[PDB]
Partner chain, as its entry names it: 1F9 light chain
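Form solved without the partner chain, single chain, as structure tokens, below.
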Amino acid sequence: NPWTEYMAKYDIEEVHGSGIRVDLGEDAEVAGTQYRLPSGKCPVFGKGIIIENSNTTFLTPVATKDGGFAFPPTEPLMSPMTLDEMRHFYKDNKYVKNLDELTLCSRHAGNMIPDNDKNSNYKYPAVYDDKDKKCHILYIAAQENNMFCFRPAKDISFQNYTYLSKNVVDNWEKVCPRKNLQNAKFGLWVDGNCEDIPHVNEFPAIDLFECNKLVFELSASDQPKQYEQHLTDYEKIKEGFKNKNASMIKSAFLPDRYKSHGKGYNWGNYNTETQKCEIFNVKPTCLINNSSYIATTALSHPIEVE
């Protein structure tokens, strides 16, 4: 396969390794309880959280329903923090001060100790705003609760946002998707040629944005499948919550089932001419030269094209 090195970034199971729509791919103890937390190795471009029946944006600091998901005021203020502020903050750290924008944001979020637990490996995720050059640390690592109903989504208002786990790798631009591939269709390398993906499901999509949106909706998810009828502390932890009104969430019921490990309907071929989004769940291993198509993934930016 002449396509192996090129196609490496599209093996989402390998290179990302956790959920995309909902990333809760690891567990980490904070003060004696194991909490779920995002753990994917790639940035998720254009991902944010929509709070339903509300005008509050999710990057609004948590209420200390009026509030969002972001870190409340700390002293000194750790979040939000601009790119320049971050580089100045870490000036004495050779291995941190020069990391790319997104990786720096991830590492910065990763320096926030949870709940004065100095032993803990738990690290908060973050959102980077590329327009504002601002890093927002998320206090709430839950992504879907469908007190607050909400869901993850690509939305036109989120196009400059990137959702970042603690695990985002420093060379993500070499090894992860970002841009959509114009004039290219994902395929499978079989006996010296790029063949069509055998099984695809097709949907109407007015533009590339709408196709990327759909793929995202259907992509790898670490959200629980079985769960009680009412919200319970056990259900909250399974959704990625850690804190409730001034105490940690605990549950006698906590002892790997919910982890996708990157498995899902993560790829799409958008036919710009017929306005159909072609969605599949096997990793592609080549490209087909087809001028009618744009190749997208749930990780990819919903608009940007190369």
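Residue numbers count along the first chain shown, from 1. If you superpose the two forms and keep the largest set of C-alpha atoms that fall within 1.5 Å, you have the rigid core. Only residues modelled in both forms are compared.
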query: Gap at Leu231 across at least one third of the other PDB entries; finding: yes
query: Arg36 coordinate gap across at least a third of other entries; finding: no
query: Missing residues, deposited sequence, between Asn146 and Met147 (class: none, 1 to 3, 4 to 9, 10 or more); finding: 10 or more
query: Unmodelled deposited residues flanked by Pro255 on one side and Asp256 on the other; finding: 4 to 9
query: Between the two ranges 224-232 and 211-219, the one averaging a larger CA B factor in the entry; finding: 224-232
query: Chain-relative CA temperature factor third for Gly67; finding: highest
query: Third of chain Cα B-factors occupied by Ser54; finding: highest
query: CA B-factor placement of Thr162, once the chain's modelled residues are sorted into thirds; finding: middle
query: Third of the chain, ranked by Cα B-factor, where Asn93 sits; finding: highest
query: Chain thirds of CA B-factor: placement of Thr103; finding: middle
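Not on display, but discussed next: the form deposited with the partner chain bound.
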item: Heavy atom distance at most 4.5 Å to the partner chain in the bound PDB entry, all of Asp84, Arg87 and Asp92; value: yes
item: Displacement runs between the shown form and the other one, C-alpha, 2 Å or more, three or more consecutive residues, core aligned; value: 224-228
